[PDB]
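> Numbered per the authors' numbering, the sequence shown spans residues 5 to 189. Positions of the beta carbon are idealized from the N, C-alpha and C atoms, including for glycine.
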Amino acid sequence: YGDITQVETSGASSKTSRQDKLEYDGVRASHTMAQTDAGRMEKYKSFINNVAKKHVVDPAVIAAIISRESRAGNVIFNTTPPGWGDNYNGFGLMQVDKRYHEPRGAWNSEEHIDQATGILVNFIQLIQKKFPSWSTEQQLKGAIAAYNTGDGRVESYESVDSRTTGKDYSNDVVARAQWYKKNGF
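#1: On the criterion of 16 or more Cβ atoms from any shown chain inside 10 Å, does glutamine 182 qualify as buried, or is it exposed?
#2: Please list the segments of the alpha helix (DSSP H) lying wholly inside the region 28-93, counting only runs of 4 or more residues, in order along the chain.
#3: Measure the C-alpha to C-alpha separation of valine 158 and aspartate 165 and round it to an integer number of angstroms.
#4: Using the Cα positions of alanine 149 and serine 139, report the straight-line distance between them to the nearest angstrom.
#5: Run through DSSP, which three-state label would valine 11 get?
#6: Enumerated in chain order, which unbroken segments of the alpha helix (DSSP H) with a length of 4 residues or greater are wholly contained in the region 86-149?
#7: Kindly give me the distance between the Cβ atoms of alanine 64 and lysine 145, rounded to whole angstroms, as I take these residues to be in contact under 8 Å.
#8: Bridge partners of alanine 16, per DSSP?
#9: Would you call the CB atoms of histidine 116 and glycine 122 closer than 7 Å?
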């Protein structure tokens with residue numbers, strides 16, 4: 005579905021980077037946030053690899069979404085019931101939005117990861133349809149934006165993140181994925 009190492013990215017916005025108490029922004033900040041979450045990410049290795057196998061999606065991209073959405077469970081583990089964000093609209097490691105699908109599995113489960121990754125594959129399919137002449141890597145970035153904001157609010161490649169949370173959702177997730185790809189977890 006597109007080589008993650010070839011997607012262009014400006015990383016995290018200043019807003020997103022400040023929330024992590026970082027003095028810098030951009031791709032360096034995305035690398036730091038991915039790194040911070042890498043130890044927790046190890047817990048989900050078997051699930052991430054299985055799901056990546058089934059869907060033909062780079063595990064680094066799954067790990068990047070898990071890091072962006074819940075910091076590998078660190079910001080969601082202690083809700084009642086556990087696993088919720090936004091507040092009580094997003095569920096699980098990858099924050100499946102309950103308004104659009106029934107959230108399946110335990111919050112930290114393989115079935116949850118499988119659903120959330122299938123949802124992303126849905127968006128790849130829709131972005132491929134909407135922008136058939138975009139490059140395969142451009143399509144992948146648009147799909148990641150649409151996971152956050154809906155394909156209805158991905159309007160151009162240059163403004164792909166303009167209507168996302170932090171105005172940097174796909175740029176940040178992409179740079180985190182490039183970090184996990186290079187470094188592993």
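On the basis of the data shown:
#1: buried
#2: 30-45, 49-59, 63-74
#3: 8 Å
#4: 15 Å
#5: coil
#6: 114-134
#7: Rounded, the Cβ-Cβ distance is 14 Å, inconsistent with contact.
#8: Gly30
#9: no
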